[PDB]
Amino acid sequence: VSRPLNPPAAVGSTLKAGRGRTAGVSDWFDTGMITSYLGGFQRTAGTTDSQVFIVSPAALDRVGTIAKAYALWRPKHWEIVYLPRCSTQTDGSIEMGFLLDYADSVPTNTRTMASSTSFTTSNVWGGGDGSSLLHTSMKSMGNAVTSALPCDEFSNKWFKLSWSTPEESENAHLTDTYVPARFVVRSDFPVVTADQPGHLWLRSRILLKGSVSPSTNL
Amino acid sequence: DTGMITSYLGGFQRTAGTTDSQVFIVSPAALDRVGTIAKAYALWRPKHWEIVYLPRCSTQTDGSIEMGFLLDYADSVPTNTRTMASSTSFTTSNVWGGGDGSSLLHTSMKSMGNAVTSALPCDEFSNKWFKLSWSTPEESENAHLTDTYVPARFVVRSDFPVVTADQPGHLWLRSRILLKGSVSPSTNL
Amino acid sequence: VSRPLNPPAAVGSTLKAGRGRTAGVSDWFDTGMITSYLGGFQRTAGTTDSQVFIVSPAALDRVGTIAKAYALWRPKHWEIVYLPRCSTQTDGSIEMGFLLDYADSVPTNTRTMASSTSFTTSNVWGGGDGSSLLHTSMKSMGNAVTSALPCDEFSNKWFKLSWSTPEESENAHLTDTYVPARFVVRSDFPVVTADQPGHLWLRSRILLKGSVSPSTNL
Amino acid sequence: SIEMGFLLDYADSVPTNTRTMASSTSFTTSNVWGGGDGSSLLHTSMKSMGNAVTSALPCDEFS
Amino acid sequence: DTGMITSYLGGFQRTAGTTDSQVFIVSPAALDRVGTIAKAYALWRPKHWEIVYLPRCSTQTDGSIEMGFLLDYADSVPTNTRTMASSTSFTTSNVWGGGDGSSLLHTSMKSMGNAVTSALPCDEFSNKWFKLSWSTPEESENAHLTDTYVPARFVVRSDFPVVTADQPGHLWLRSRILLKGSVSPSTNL
Amino acid sequence: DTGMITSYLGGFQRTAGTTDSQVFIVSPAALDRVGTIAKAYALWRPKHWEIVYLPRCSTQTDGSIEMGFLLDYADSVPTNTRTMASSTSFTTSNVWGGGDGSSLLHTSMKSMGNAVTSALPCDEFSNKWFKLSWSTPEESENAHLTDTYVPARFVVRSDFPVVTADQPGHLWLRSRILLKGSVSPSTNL
């Protein structure tokens, strides 16, 4: 019939987030092997001309915004597959490779390109078998034209997710501290009219770690 | 290996009219004992870096304290609670709570009970060796550069503006670090 | 993840010492049968001359400071043993006994001494066998010269531990309330030169009761 | 005290007094120092209980 | 390790009119052989330090001798028998007794029978190393200081005043000590 | 445990007087690194304290060096070769040799070859703790008192009084000590 009442002087609580998730999102995430579009193989008129792609989660369109909720990341696999889409009457070849030091210069000829990491080359209409590698975890085979970054060098490193692009004024040595590597694509055949004989697809896998507010993530 | 060592990190200050936001760089440099010991070494690695808050105010006091870590020196410091609540090892409590954390200062137990603590996940640095630095980062220094020698930043915030400034509690550090490499304290910068 | 907080209006406690010990020391203590030095048998020139020893824990050197931590005490056994240490050519005898009333006068001759409680006497070089009684709980035997206070009269009484000596101005009747008894030793043979033919050892046992701060104990 | 509730029509106006607030969807109220038990509901899927002060949007209308 | 060595400690003196009270500092310094050997070493530790009294007087002689140890240099020396009887290893006997202790001087047996001995409990020093000193403590030296290099003090007393001064017996020492640390005898103070 | 650490003790100074010998107190206080580290602790114990002499002069230099330890602060400092030879861990050698000892500065091996070293026998302190002191012993301080917090004194002297003061070599210390008990460096005296 009667219940006692003994209010405290004040009321409060102590919150410590961290099951293994903060604010409803895991503090650790593995994408697993995924496939996404990197870019097209653009051929132009200059010989020096080459395309450079910085290894970064920013290169993943959908995965990008997800990564924004994490502070650190690590490349577990980063392989580019070339898929030809042109007549077999198309002359010229394609050369791809990785640069592991942001300070190193970008190759301007075949002799030099051939020395890049995981270098690979092929006639522009070759590599048709590569299309089977997409969306699967299969391993390169057939005339598949691929180039994979040896991610074993990053197995102990944790990069901080950076969303802005490196400036000009930035010392290469500094840029090198947060850019795992650069992927380079070159044409050995300068053309009269610009064209796009094939495409570059990315088979990757990355780890995301550390909770952080997306808006404060820079 | 230094073993667990307790250090006074500083008081929790609340300035009137504005929500407090103290930032501590994760380094032994300023610590009374650890700082001194560390000066005779060139490299260090954090094995355990946990801050425990101990109140010193009345149960009538209003407001809470918020704590967390920022792992990228380039990331901006949280300006509100929702944002702060997404940081690493976020913790928040009434400004007068945390009294049960007292024992953690002379023990090595894991934070438990009504203890108000925030610990930096050190697994991230298990393979790295940071160079001990005793100078403050330049205003002009590029964030990406600072990030190379600063394991992380610890942030403390007030949830709401107070009318009168005060110091509701103390910030304590339980740390364990590895020191390596010989150098003369006087040439160690 | 979140724990409730409900502080009291104030915090405190209630202390009640008394397991059977206060401030780390028992509230009751039994010494058991112990042996300690009482004093020497001093022979002088006057006939009236006799030595008086007040029955009190103060007579125990080491046990004394321990007793200071208690308020009450009771004699369970208090026996003096005479141990001779002299040539068998030594003349004279020793007389010992107890006075149960502080008002009663001290005997000045043999006829009178003989009537004291637990009276006993012997030639000054006698009582050699008594040395075996020391440190043991054995009972008097052999030519052992001993005198034991009949402690049965105190089996219901509890004396308050007093550390100061009785004044002159103090009425004997008052002194008698806190002094269990007086032990008297007399020589029947006045000597030319003072000497000490033997020693007096004490075999005792007392009970201490009641906690009290040593410094406030008077 | 505190008063909470939901407005299901963006056109409806925002309550300006207790009498009116009390009619909002999933309305709930309590003295400002009440609802301490609610802290146990956090990070768990438990259901409201104790003096927990909560207000839940009936999501069945959006199924 | 020196092994057991017998040393003459001195005679038992009884001065007229007053109760004797000789005090010996526990040190090898003054010992005929041990003192010499010890001079070539810097540190020492007592393993066995026992004094045995041997009479040299007539059975007609009066009085007894009392012996014991004081473990704190600050403690005062006993002035009467009851007080003396509370000291460490207290022993007392007729001034003419103790003749059976004779054999203890060339043996290593434990004191037994009618032997008059007093042994310092050396377990107390099993982990300490004292610095060998050859000088007498200053009058002005603080007792607490002296205590740091004096293991203990041996005290000998007479139970009652004699009319004529005499020397009823001899004080002998059976000791075993450990010596460590090299030094030149001449620089050893 | 600090592990082995190399410290510059000072140079070997030769002068004109005969009773000219350099004396170093065994303590971390003055050491460049060890001193800094020790400041954060209250107690210490020497596990290894060895001095290595290294030349820096011409093979035409005459004379020799003598080193050793004094375990009792009250013992006097040797003034001639005969008595220096009796110090603890005494060692000597010509002034221009001792090159085989250079490797001992980064190794932890034992003195061999023509290496000139003197190692304090630390088994003496295996059971005690010294309170770290940073002040210089008073002039008026009683030797016995100073002895209580000074493990030992290291002495270096020349046998060849020189005409012109010079410095034939350097004195290097490689030590290993245990530190215990926390204390604020600024509080540590």
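Per-chain residue numbering starts at 1, and chain names A, B, C, D, E and F are given in the order in which the chains are listed.
To be clear about the criterion, a contact is a pair of C-beta atoms (placed from the backbone, for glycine too) under 8 Å apart; a residue touches a chain by one contact, two chains touch by 3 or more.
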Contact-richer chain pair (by C-beta pairs counted) among C-E and A-B: A-B
Angle, in degrees to the nearest 5, of the Cα rotation that carries subunit A onto subunit C: 120
Intercentroid distance (Cα basis), subunit C paired with subunit B, Å: 68
Centroid spacing, where centroids are CA-atom means, of subunit A and subunit E in whole angstrom: 89
Computed distance of Cα centres, subunit F from subunit E, in Å: 38
Whole-Å separation of chain centres (CA-atom averages), subunit C against subunit D: 84
Where subunit F touches two or more other chains at once, by residue number: none
Chain pairs in mutual contact under the definition given at the outset: A-B, A-C, A-D, B-C, B-F, C-D, C-E, E-F
Touching residues on subunit E, where the partner in the complex is subunit C: 59-60, 62-64, 81-83, 85-86, 94, 159-160, 163
Residues of subunit C that touch subunit B when the two form their complex: 3, 5, 7
Subunit B residues within the subunit F interface of the complex: 5, 32-34, 36-37, 39-40, 182-186
Touch list for subunit B against partner subunit A, complex: 59-60, 64, 70-78, 82-94, 96-98, 111, 114-118, 121, 124, 127, 142-145, 147-148
Contacting residues of subunit D [partner subunit A, same complex]: 33-34, 36, 39, 42-43
